[PDB]
Amino acid sequence: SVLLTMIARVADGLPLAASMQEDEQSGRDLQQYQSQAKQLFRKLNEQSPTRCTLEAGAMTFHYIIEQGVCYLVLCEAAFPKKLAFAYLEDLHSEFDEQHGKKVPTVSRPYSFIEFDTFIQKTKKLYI
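Residues numbered from 1 in each chain as written, not as in the entry; some residues may be left out. Heavy atoms only, no water. Residues with missing side-chain atoms left out of burial classes, pairs and counts.

For this deposition, the record names X-ray crystallography as the technique by which the model was determined and cites 2.40 Å as its resolution.

Structure, rendered in structure tokens:
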């Protein structure tokens with residue numbers, strides 16, 4: 001029952017905010033989860049779906065693309081698809097509202113760590 005969350009700029013995959021780790025995660029998995037995320041980001045373009053669900057066994061990836069930002073979440077296959085997108089939707093509207101103008105010009109990775117707090121608070125409400 002998790003919500004490994006990652007927000008990155010589509011143009012170049014620059015990470016923005018994230019809340020990967022959870023109650024005692026496994027270095028092996030956490031590493032594989034992040035690497036799979038990168039290979040997803042690097043491939044994103046204009047032809048990509050703005051909403052998408054990607055199967056990976058016990059785990060399933062879900063993401064949305066809005067304003068050039070990819071909101072991605074990894075969770076148990078069992079987790080309600082419909083829920084994952086609401087979670088993402090809440091993150092989006094709050095993120096764009098609070099950082100849309102600055103998102104396309106930042107160059108340092110995780111320039112929005114601050115947002116991690118909102119992700120955490122929003123997470124509780126779903127899991």
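In the contact formed by helix 2 (residues 81-99) and helix 3 (residues 116-126), the axes pass within 11 Å of each other and the chain directions differ by 150°. In terms of orientation, helix 2 and helix 3 fall into the roughly antiparallel class. The element helix 2 and its partner helix 3 pack so that their crossing is right-handed. Each of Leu83, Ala86, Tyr87, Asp90, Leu91 and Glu94 in helix 2 lies in contact with helix 3, whose residues at this interface are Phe118, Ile119, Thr122, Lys123 and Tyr126. (Axes fitted to C-alpha atoms, helices over the stretch in contact; angles between N-to-C directions. Helix = DSSP H or I, 4+ residues; strand = E, 2+ residues; numbered from the N terminus. Parallel < 35°, antiparallel > 145°, perpendicular 65-115°, else oblique. Left-handed = near helix turned anticlockwise from the far one by under 90°. Contact = heavy atoms within 4.5 Å.)

Consider a sheet: its strands pair through backbone hydrogen bonds, and that pairing is either parallel or antiparallel. With antiparallel pairing, the 5 strands of this open sheet are ordered in space as 2-1-5-4-3. Single-partner strands in this sheet number two, and they are strand 2 (15-19) and strand 3 (51-56). Sheet twist, expressed as the mean angle between neighbouring strand axes with direction ignored, is 15°. Summarising the sheet, strand 4 (residues 59-66) and strand 5 (residues 69-76) pair through 8 bridges and their orientation is antiparallel. By the bridge assignment for strand 5, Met59 is matched with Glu76. Taken strand by strand, helix 1 (residues 27-41) contacts strand 1 (4-9), strand 2, strand 3, strand 4 and strand 5, and its axis lies near 30° from that of strand 1. Helix 3 contacts strand 1 and strand 2 of the sheet and is inclined by roughly 35° relative to strand 2. (Pairing = 2+ DSSP bridges.)

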